[PDB]
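One chain follows as structure tokens, the form deposited in one PDB entry.
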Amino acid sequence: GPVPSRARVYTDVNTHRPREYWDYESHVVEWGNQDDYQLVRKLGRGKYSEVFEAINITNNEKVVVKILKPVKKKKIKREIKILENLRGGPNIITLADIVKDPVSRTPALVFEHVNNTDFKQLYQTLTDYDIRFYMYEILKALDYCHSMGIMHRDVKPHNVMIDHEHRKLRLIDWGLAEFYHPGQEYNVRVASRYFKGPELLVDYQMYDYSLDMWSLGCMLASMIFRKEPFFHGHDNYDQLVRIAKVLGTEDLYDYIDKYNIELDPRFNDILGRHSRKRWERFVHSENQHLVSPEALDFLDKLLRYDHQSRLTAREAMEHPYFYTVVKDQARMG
């Protein structure tokens, strides 16, 4: 079988916490009163939800209400426990309440902050400075949730919200998130195709927080090269083929061997041999101003086949790519 793996950071954070922290199946949800919230208008639809602006008539504050499509009870409890555990963390959506429709019993999550713009509507026209600024903010969220023992597992541009007027960023959509426990095997169907890490594509189940760092690298490459998505696979196998045509097959086969992963031999016949490409292959007159030596060094260190070799969120925060932007002077407009 495959060789085991352990996270090299935050490995035991859930172990050191009480069982109640992470045993979401045992958690009893304290539901609120749906009558406190009146929906004002529709913001959008989701893979498993409908999203509204609403008013909290008990304090006259505007809120966001996410009404969930039917899910197994275990998964709603997981999402709620994770949001409660992360509440107050940097750049993470803030769960204000949870209610059920009185008639349909459909669960709805209430979040604090309005004034949202989906990051995917903005991230292809950012300055170099703004890419670095918002990348650092996403890193703060990932370092925090990883430090709280949680993998997000669906990092992508659509799951980042921006308060543009206030330069605030929030990581949203915690419905696929899970608690990291050393030795646990995890579902390989998570994340969206273009942001799936190699571990998901080869069905290696003993992965960890570093999955999120691969997805983040895919976002970075998309922004600095203005290519959406950066790895444009047409099916799960083609996703890996597209990655291998950039990173090369040599390090992919090294990864497969290291963890004793078994690939279907006939897919391996299709993967074949591909050399690692220069990043300047993706540099064009329209994106050259976004691409620096430190950007490419940082990207190289996120987009590693071996999940154990990828930068941690804290290591990423220390990278020279962010040397100047941490000095930001908090101008709003």
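Position 1 is the first residue in the sequence shown; the rest follow in order. Rigid core here is just the name for the largest C-alpha set that superposes within 1.5 Å across the two forms.
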For the C-alpha atoms alone, is the average B factor greater in 223 to 231 or in 164 to 172, going by the entry?
-> 164 to 172
Stretch with higher mean Cα temperature factor, 233 to 241 vs 107 to 115, is 107 to 115
Maximum C-alpha temperature factor, selected from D143, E262, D154, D208 | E262
Highest CA B factor of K66, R278, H307, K301, as deposited, is found at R278
Binned into thirds over the chain's modelled residues, the C-alpha B-factor of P182 lands in the middle
What third of its chain, lowest, middle or highest, does the C-alpha temperature factor of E318 fall into?
-> middle
By the entry's values, the third containing the CA B factor of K74 is the highest
Here the Cα B-factor of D12, set against its chain, lands in the third termed lowest
Relative to the other modelled residues of the same chain, rank the CA B-factor of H158 and answer lowest, middle or highest third.
-> middle
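One more form of this protein exists, namely the form deposited in another entry; it is left out here, but the text below deals with it.
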Just one of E250, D238, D130, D118 has a CA that shifts 2 Å or more between the shown form and the other one on a core fit; which is it?
-> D118
Yes/no, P293 Cα shift of 2 Å or more between the shown form and the other one with rigid core fixed | no
Any chance the CA of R266 moves 2 angstroms or more between the shown form and the other one, core superposed?
-> yes
Compared with this form, is the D118-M317 Cα separation smaller or larger in the other form, the difference being 3 Å or more?
-> farther
Relative to the form shown here, do the C-alpha atoms of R266 and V190 sit closer together or farther apart in the other form, given a change of 3 Å or more?
-> closer
